[PDB]
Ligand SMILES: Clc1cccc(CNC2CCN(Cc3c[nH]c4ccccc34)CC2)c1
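One chain comes next, on its own, written out as structure tokens in the form deposited without the ligand.
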């Protein structure tokens, strides 16, 4: 029922956006079908964890606050696709970076990125045109998107001086995770699920803001370890954090417990494409017993999570049930 309803609303949103282009933006059929295919390619195929979280939060709040049910659930589905389209927009922006007479494919990728973001506004301004929360919804949505771009700046420049390992600290690693990932992947679906369910001012946002960061941190640490040791056919991609000199959880944890000569060996091999230097970095990670620290670090975060949901249920009980399922996915 959740996934089945989420995909129906996708068809409704897609048909509106495409008919609008045809009827109000003078778009020819060839370009309409081209945009239908681009939308399907960039927005479908993932796991929809951000989008379904909006729905799951919405259904947990109409059970403990007829016509209001069907509307809030439809509003939740539109908000879920707003985040999925936003995620599609961020992924297209990422493809432009690593993919490289006018090059029409790079022009169309940039254009795709702009269209995907504008579509989040267009579907909100339509399906929520008569909702009182539309203005508060756009502001929080626009501010989270801004937060994510700030976090991408922190991430992309963590090894240089904005016109280097000084910013390879655990507090800065959390700053990157917080802004680049946590706010839009964990906080935004929760907040949107509370807005369409009218229960936004009925929750402790501090505990909510704190769980979102901790779940994002838990998720990103596991992602960093898998990027380095999970083989490509099992990970789904080629792990490239060592080559890209990323400020990963492995790197900042290694630097805190490495010897002076080992740090020199790490600094001399990090951020290179050579297969032996990357393997030297993985050798240092293994010999530093970083795996054993990974298990303990996640445990303490999980304890902070499994105990922070309790503060949230003292004043917002139904909310805490959905946050547990979101944590279960992580």
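For clarity, a rigid core is taken as the largest C-alpha set superposing within 1.5 Å between two forms. Residue numbers count along the first chain shown, from 1.
If you look for the form solved in complex with the ligand, you will not find it shown, but the lines that follow are about it.
**Student:** Tell me, please, which stretch of 255 to 263, 68 to 76, 126 to 134, 216 to 224 lies within 4.5 angstroms of the ligand in the deposited complex when heavy atoms are compared?
**Tutor:** Result of the contact check: 216 to 224.
**Student:** Of the residues 157, 169, 230, 243, which one places a heavy atom within 4.5 Å of the ligand in the deposited complex?
**Tutor:** For this set of options, the contacting one is 230.
**Student:** Is there a heavy atom of residue 196 no more than 4.5 Å from a heavy atom of the ligand in the deposited complex?
**Tutor:** The answer is no: residue 196 has no heavy atom within 4.5 Å of the ligand.
**Student:** Report whether the minimum heavy atom distance between residue 177 and the ligand in the deposited complex is within 4.5 Å.
**Tutor:** Yes, residue 177 lies within 4.5 Å of the ligand in the deposited complex.
**Student:** So, in the deposited complex, is residue 247 in contact with the ligand at a 4.5 angstroms heavy atom limit?
**Tutor:** Yes - in the deposited complex, heavy atoms of residue 247 and the ligand come within 4.5 Å of each other.
**Student:** Considering only 33 to 50, what residues come within 4.5 Å of the ligand in the deposited complex, judged by heavy atoms?
**Tutor:** If the 4.5 Å heavy-atom criterion is applied to the ligand in the deposited complex, 33 to 50 yields nothing.
**Student:** Superposing on the rigid core, which residue among 205, 235, 134, 150 shifts its Cα by at least 2 Å between the shown form and the other one?
**Tutor:** So the only displaced C-alpha belongs to 235.
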